[PDB]
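Report on the following structure.
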Number of protein chains: 2
Amino acid sequence: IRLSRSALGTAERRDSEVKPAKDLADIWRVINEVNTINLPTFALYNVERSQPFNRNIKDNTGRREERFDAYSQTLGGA
Amino acid sequence: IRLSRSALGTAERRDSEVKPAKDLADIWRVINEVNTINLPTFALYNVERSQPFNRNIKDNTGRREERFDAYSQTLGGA
């Protein structure tokens with residue numbers, strides 16, 4: 001998998017070749033929706049954690065008991 | 001009790017005499033801090049009470065197990 005990016009204000013553009021990642025994750029999703037399988041857990045825990053905790057923030061969208069909610073904001077920091 | 005107000009842009013502004021209502025609503029508070037009594041309730045229920053209800057928590061204002069919270073938005077309709 002290759003993530004490529006050209007600089008801003010440049011006529012030449014570079015594309016990203018993510019096709020084997022697309023193929024493998026498409027395979028995982030297709031086999032899961034046919035007959036339920038265990039999925040890999042990708043997580044990033046950056047310095048973006050150590051935020052203060054407030055119990056009152058409870059309202060959210062996504063139905064937390066949904067299994068595919070486990071991938072909800074799994075990367076990107078805290 | 002008399003509530004008075006003149007028009008917009010009027011040079012002379014009429015005052016509102018609320019002194020005996022202030023005294024009668026002050027005697028209740030001053031005796032209530034000493035020895036607990038039964039305070040009266042004042043409520044307004046206009047057409048706005050037909051608002052739809054959604055399962056959300058305000059969790060910002062003051063602590064809904066508190067007697068003077070019963071006067072919170074009591075005459076603002078609904």
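Letters A, B, ... mark the chains of the structure tokens in the order given; residue numbers begin at 1 per chain; ligand numbers begin at 1, in order shown.
The backbone trace of chain B, superposed onto chain A over all C-alpha atoms paired in order, deviates from it by an RMSD of 0.9 Å.
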message = Would you pick out the contacts of residue 28 (chain B) at 10 Å or less, using only C-alpha atoms, so that residues sharing its chain but fewer than 4 positions from it are not included, and give the list as a list in words?
response = residues 23, 24, 32, 33, 36, 37, 38, 39 and 40 of chain B
key: Test item, alpha helix (DSSP H) assignment across chain A, answer as a ChimeraX atom specification   = /A:19-34
Using only C-alpha atoms and a cut-off of 10 Å, which residues of chain B sit close to chain A? Please list them as a JSON list (two decimals) with N, CA and C atoms, in the first residue's frame.
```
[["chain", "number", "residue", "atom", "x", "y", "z"],
["B", 55, "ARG", "N", -35.35, 12.45, 24.10],
["B", 55, "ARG", "CA", -34.64, 11.93, 25.27],
["B", 55, "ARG", "C", -33.22, 12.49, 25.33],
["B", 56, "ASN", "N", -33.13, 13.76, 25.73],
["B", 56, "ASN", "CA", -31.84, 14.40, 25.92],
["B", 56, "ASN", "C", -31.77, 15.06, 27.29],
["B", 57, "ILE", "N", -30.54, 15.19, 27.80],
["B", 57, "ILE", "CA", -30.28, 15.73, 29.13],
["B", 57, "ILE", "C", -29.58, 17.07, 28.96],
["B", 58, "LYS", "N", -30.08, 18.09, 29.66],
["B", 58, "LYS", "CA", -29.44, 19.40, 29.61],
["B", 58, "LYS", "C", -28.08, 19.37, 30.28],
["B", 59, "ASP", "N", -28.02, 18.82, 31.51],
["B", 59, "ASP", "CA", -26.82, 18.57, 32.33],
["B", 59, "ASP", "C", -25.89, 19.79, 32.47],
["B", 60, "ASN", "N", -26.45, 20.99, 32.37],
["B", 60, "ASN", "CA", -25.69, 22.23, 32.44],
["B", 60, "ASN", "C", -26.16, 23.14, 33.56]]
```
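CA of residue 1 (chain A) to CA of residue 14 (chain A) spans 14.0 Å [interatomic distance, one decimal].
Going from CA of residue 68 (chain A) to CA of residue 44 (chain A) covers 16.9 Å.
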task = Rounded to one decimal place, report the CA of residue 17 (chain A)-CA of residue 5 (chain A) distance in Å.
result =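 Separating CA of residue 17 (chain A) from CA of residue 5 (chain A) is a distance of 11.2 Å.
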